Every structure is written in C-alpha cells, then in structure tokens.
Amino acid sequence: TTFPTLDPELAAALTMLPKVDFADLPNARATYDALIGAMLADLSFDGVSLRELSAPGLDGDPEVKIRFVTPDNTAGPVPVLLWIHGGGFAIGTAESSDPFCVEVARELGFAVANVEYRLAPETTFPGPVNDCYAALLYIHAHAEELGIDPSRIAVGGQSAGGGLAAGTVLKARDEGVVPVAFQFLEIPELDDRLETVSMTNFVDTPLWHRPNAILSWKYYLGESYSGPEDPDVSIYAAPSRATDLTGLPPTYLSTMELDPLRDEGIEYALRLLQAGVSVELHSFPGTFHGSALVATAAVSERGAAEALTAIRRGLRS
C-alpha cells in the first residue's frame, strides 16, 4: 500500500530490499557488492568464455580492463556490445554485470566488452567516460585481432552506465573515429539538474531516489561542481544537456515507473526521435529503479527478452 501501482510480483521483493545509501559510500559499496556477488556465485558460463583485455587509457591514464565475453564455437567476426555497469558513478564493478554479458554472448552469439571504468569520487569526470571511450577506441582498433566486426559495435549500459554509454556515444560521434551501430540505454542517469517531475517527486522510492541522485552527481562531477545551475557541465557528463542529437545511432531506451530517472530517460528518447534518430522507447508499468534484479517477475522477464530482441536487431548484418 506504500506503492500501490507496483506490480504485485515486485511488491513482494521489496521488504527485503537493502538500503543503498550514497551518504555512507563504504557501506553502500559493501551492501551493493554483496547484493551482486551473491548472484555471481552460481552463475553459469556454459557456452561462453571470458578473458581480460587491457585498453590503454586516455592521456596518461592507467589501462582500462575489459571483461571480454565470447560465445564458444562461433565462426566470427561477430558484432560486439561494449557494456558499462551501473552504480550511480560511485559503486559497482564490471563483474556485477557478468550475468547480462554472458546472456548476450550465449543467446545472440555476440562478443561483449564489459568495461571496468574507474569510480568516483576517487576519479571524477572526465575520467570515467574517458575510460569507456578508451575501451571503445581499443575494441574498434583491434577488432580484427579480437574477432569483432567493427561495423557492428553497440554501446550500452544501465543507470549511471547508461549515462556513461550515452556520453561515450556523443563523444564517438563528435570525434569521428569510431562508428557506433547501436545504442542501448537501460534506466539511464542522464541529467544532473534534477528538475524533472520524477526527480522532484520520487524522494524515497526503491533503490534510487532524489537524495541518492544528488549525491551521485556530486561524487561524479567533483567538489567544484556547484549544482544544477552550474553552466560548466560537459554534455559527455550529462547527455541531457546536449542540444544536437542528430546523427546518433539507432537507440533502445527503457525506463521504470517509480524511478526518479524515468522522466529524463523519456525526454532524451523523445529528443532523439525528434532529431531523426530511430528509437525504441519503453517505460514499463509497475516497476522501480533496478526491479529487473527481480528476474523471476513476468514484467522483468518481458524486459529482458525485449533487451535481447533489441540488441539482436540493432546489430543485424
């Protein structure tokens, strides 16, 4: 009865749901890392293999490791998904996305380059998006050696990883080096200004909420950033601030009903469409930020199936 529009199937999973409070980052990191590692313990890697790649960082930055998932038995060159995990820019690891990356490699027969970007606040913007772009530059430049079709690279991510994906895709277009065939944005974190209705009204929704949103952008943009009215925010940090969305790749964007990020996701999708970009936009009913973690729910199963359908079609021949 606190959230009467929730899907009953999800509703269930809510009394157990841990607080991931950004105000205490060490503890946030620990409860998240445990809410994921519990799931990685029994994960099947049947039909795929994982090896680590090392992409040179931008400027004098350290190497960016990539968890590179490939399907077994596969003639190749195959399409590749560059994937970027979520966690509000300040928590999470690439391995936390191994379930999804294995799924894509096994079901679609695509390589997946899952990027270990550096976390904020220890590394503030531009570092994290630079690590993702460095990984993109590397996979594109080494595609032949890696058994990748350079004409069929997707860039995607979830939550903050969807903001990093969108920023990386803006950067790729603007620099003109790497062609991106498809963009996949799941519950993306795109706008630091926190001025949409969902961002003003969702103050204690499950997992993500306005208090976490404030802390997440502050960690990422750093101790100089002065907040929503700051005029000096890069479009690669907050893609919603970009004014020219033309010439971006065909895109899939999903949002959740009770997610504070919902409205900035729908608005970005609408502006992509209005810029002539092919977009699939899906706001799922009765859901919350991260309810896909309740993988058994029918609405989660529908979302997961559609994600594979979208990526499969987005990277067709």
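The first residue of the sequence shown is number 1, and the count goes up from there.
142-150 and 117-125 differ in mean CA B-factor, and the higher of the two is recorded for 142-150. Once the C-alpha B-factors are averaged per stretch, 175-183 and 220-228 rank with 220-228 first.
Among 55, 279, 58, 43, the highest C-alpha B-factor recorded in the PDB entry belongs to 43. Of the candidates 248, 36, 270, 256, the deposited coordinates give 36 the top C-alpha B factor. Annotation for residue 284: C-alpha temperature factor in the lowest third relative to the rest of the modelled chain, per the entry. Per-chain ranking of the deposited C-alpha B factor places residue 233 in the highest third. Annotation for residue 291: C-alpha temperature factor in the middle third relative to the rest of the modelled chain, per the entry.
Ranked by Cα temperature factor within the chain, residue 47 sits in the highest third according to the deposited record.
In the deposited entry, the Cα temperature factor of residue 26 sits in the top third of values across the chain's modelled residues.
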